[PDB]
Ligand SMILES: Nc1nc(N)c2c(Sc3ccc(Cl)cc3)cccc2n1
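Single chain ahead, by itself, as structure tokens, in the form solved without this ligand.
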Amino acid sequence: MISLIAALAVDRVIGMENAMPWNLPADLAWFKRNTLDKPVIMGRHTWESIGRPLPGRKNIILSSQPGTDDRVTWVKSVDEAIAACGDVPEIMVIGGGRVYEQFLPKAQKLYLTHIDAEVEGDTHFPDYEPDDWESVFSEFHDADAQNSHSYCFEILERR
């Protein structure tokens, strides 16, 4: 099964030109726990922003161009990205906006972090109809000494 994992603020904003104006270590723990030892699919832009391969995860990068980093696997299409993952229990799509948009229709589960922040962004998580999904897990947290804003984790399974 294919799953998407994403952190969205209001209006489904997931990305902008500059660094995000929030500090959320708790989402980073969440992210790590949910993707550990599972193959991750990402678009070129996200790859560039992370800058190194994610440790203890097979890394698949989608690009129309030839790859520039032999440490990861580069694919030229959605279908090949899938095939390069092999036979695994769960494939994680970690971004970005263009990528999620193409994988949403094939995903069976979503791992979302809702952040209570209003930011100007140029990238949005695709629109989804909550009714097509079953909320299997949800858990709210207030901002604290370590997390700049309140947030909520939620796990949705396709009905």
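Heads up, when I say rigid core I mean the largest set of C-alphas that superpose within 1.5 Å between the two forms. Shifts are known only where both forms have a C-alpha. All residue numbers refer to positions in the sequence shown, first residue = 1.
Note that the form solved in complex with this ligand isn't included here; everything after this is about it.
**Student:** Could you tell me if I14 has a non-hydrogen atom within 4.5 Å of this ligand in the entry with it bound?
**Tutor:** Yes, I14 is a contact residue.
**Student:** Is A143 near this ligand? Define near as a heavy atom within 4.5 Å, in the entry with it bound.
**Tutor:** No - in the entry with it bound, heavy atoms of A143 and this ligand never come within 4.5 Å of each other.
**Student:** When the contact criterion is heavy atoms within 4.5 Å, does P39 count as touching this ligand in the entry with it bound?
**Tutor:** Result no; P39 lies far from this ligand in the entry with it bound.
**Student:** Can you tell me whether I91 touches this ligand? I mean in the entry with it bound, with a 4.5 angstroms heavy atom cut-off.
**Tutor:** Flag for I91 set to no.
**Student:** From first to last in sequence, which residues of 1-33 have any non-hydrogen atom within 4.5 angstroms of this ligand in the entry with it bound?
**Tutor:** Stretch hits, in order: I5, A6, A7, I14, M20, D27, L28, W30, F31.
**Student:** Against the rigid core, is the Cα displacement of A145 between this form and the one not shown at least 2 Å?
**Tutor:** For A145, whose C-alpha is compared between this form and the one not shown after core superposition, the shift is less than 2 Å.
**Student:** Checking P21 here: with the core superposed, does its CA move 2 Å or more between this form and the one not shown?
**Tutor:** Shift at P21: 2 Å or more after core fit.
**Student:** Given a rigid core superposition, which stretches of at least 3 residues have all Cα atoms displaced by 2 Å or more between this form and the one not shown?
**Tutor:** After superposition, only residues 18-21 shift as a run.
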